[PDB]
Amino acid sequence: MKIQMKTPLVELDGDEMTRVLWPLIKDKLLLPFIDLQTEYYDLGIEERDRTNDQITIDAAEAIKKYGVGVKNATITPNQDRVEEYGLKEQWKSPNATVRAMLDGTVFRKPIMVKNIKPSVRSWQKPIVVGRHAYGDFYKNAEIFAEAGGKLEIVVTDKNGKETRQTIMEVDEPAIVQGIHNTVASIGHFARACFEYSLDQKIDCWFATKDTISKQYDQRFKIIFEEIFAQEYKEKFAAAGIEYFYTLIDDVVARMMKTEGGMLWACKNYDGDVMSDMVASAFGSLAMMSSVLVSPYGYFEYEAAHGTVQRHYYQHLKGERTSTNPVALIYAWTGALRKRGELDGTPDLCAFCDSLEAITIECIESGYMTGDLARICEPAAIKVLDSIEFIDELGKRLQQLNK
């Protein structure tokens, strides 16, 4: 028209190859069609270093203010990255920071095409990973205890009452880690999962190791059971779907023999691992949608994958790459859809439906980046480099006048 927006999208930029691709998507796919309103936050590793990570806090506060963010893939610096970039320090994960500030559950679902069959034989139906976005080792405290010692966790409440437990007592160099979660957050996580399963009419599976983690993981098991029995058991029976709880090593065994079609609830760490397992097995890592659904009414759409470092070095050498931009696209269309829905601007939502359908129909016709070409049946017609792929969807958008 161009399509009009009422509220800005909060836009969080990122690193490496996905940072290169981000402007191509906007320039070729969105800006010809939508008069795009965003509040831009650069969460590139250099901007985070330049502002001592403050820009991450700003972006998260902007998501809370406007309601919906879209996030590009970022580097979390370790010792290698600090060296590579000249960093002041090993900054904390911007994802960990944003998710802590929002709370919620990250729903991760493969983006399926008809010409790619899953790596796992039995899998017919999509598997959705519902990842708790809050706590555990994404807000860790750690110590390199270079002389060993008595290793403990200590809680001191607001009246000054302390409780202490000994992890171990050793007399040699050791490492110590502590994590937390909250009762309230685990509750929001169970509810978000139970709500998602009902809405989508799929079973819900959850698993921890509550036989080893007798108070921590067992707390998650307890809360899911009580919330389920007190609030969802009957809606579940009415909708004809089931909650299934088991141990985590066991759930992954069953997952290898399952036909899929369930919501796999996961603790924060497990959901990181298993969401990559699931994306990879269904297709490739780029073929996955990811949305953080917060209990406070915010949404953050993101890619689940990383910044494709190896393709980036190729790009810096002046090479074209066939980097799959699909998860970045779905982040944009996932965010713009939610924005238009919140705003009562359904032509924005309509555009999003189209750009998603065009992406799928392009790949299914045999026009695709190299990750998908390696695995499609029948063989691709054309193995497009990133820019060509994005131009091809651009062309299809135009051939509707959109």
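Numbers for residues come from their place in the sequence shown, where the first is 1.
- Task: Identify the stretch, either 266-274 or 115-123, whose C-alpha atoms have the larger mean B-factor according to the entry.
- Result: Result of the comparison: 115-123.
- Which is higher in the entry, the mean Cα B factor of 146-154 or that of 232-240? For C-alpha atoms only, the mean B-factor is higher in 232-240.
- Among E225, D217, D103, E302, where is the Cα temperature factor highest, going by the PDB entry? It is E225.
- Just grab whichever of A279, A174, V98, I75 has the top CA B-factor as deposited. In this record, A174 carries the highest C-alpha B-factor of the candidates.
- Task: Looking at the entry's B-factor column for C-alpha atoms only, identify whether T56 ranks in the lowest, middle or highest third of its chain.
- Result: It belongs to the lowest third of the chain when residues are ordered by C-alpha B-factor.
- Within-chain third of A357 by Cα B-factor, per the entry: Its C-alpha B-factor, which the entry lists for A357, ranks in the middle third among residues of this chain.
- Please place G334 in the lowest, middle or highest third of its chain by C-alpha B factor as given in the entry. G334: CA B-factor falls in the lowest third of its chain.
- If you rank every modelled residue in this chain by C-alpha B factor, which third holds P94: lowest, middle or highest? Within its chain, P94 is a lowest-third residue by C-alpha B-factor, going by the deposited values.
- Item | Assigned third (lowest, middle, highest) for the C-alpha B factor of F137 | CA B-factor rank for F137: lowest third.
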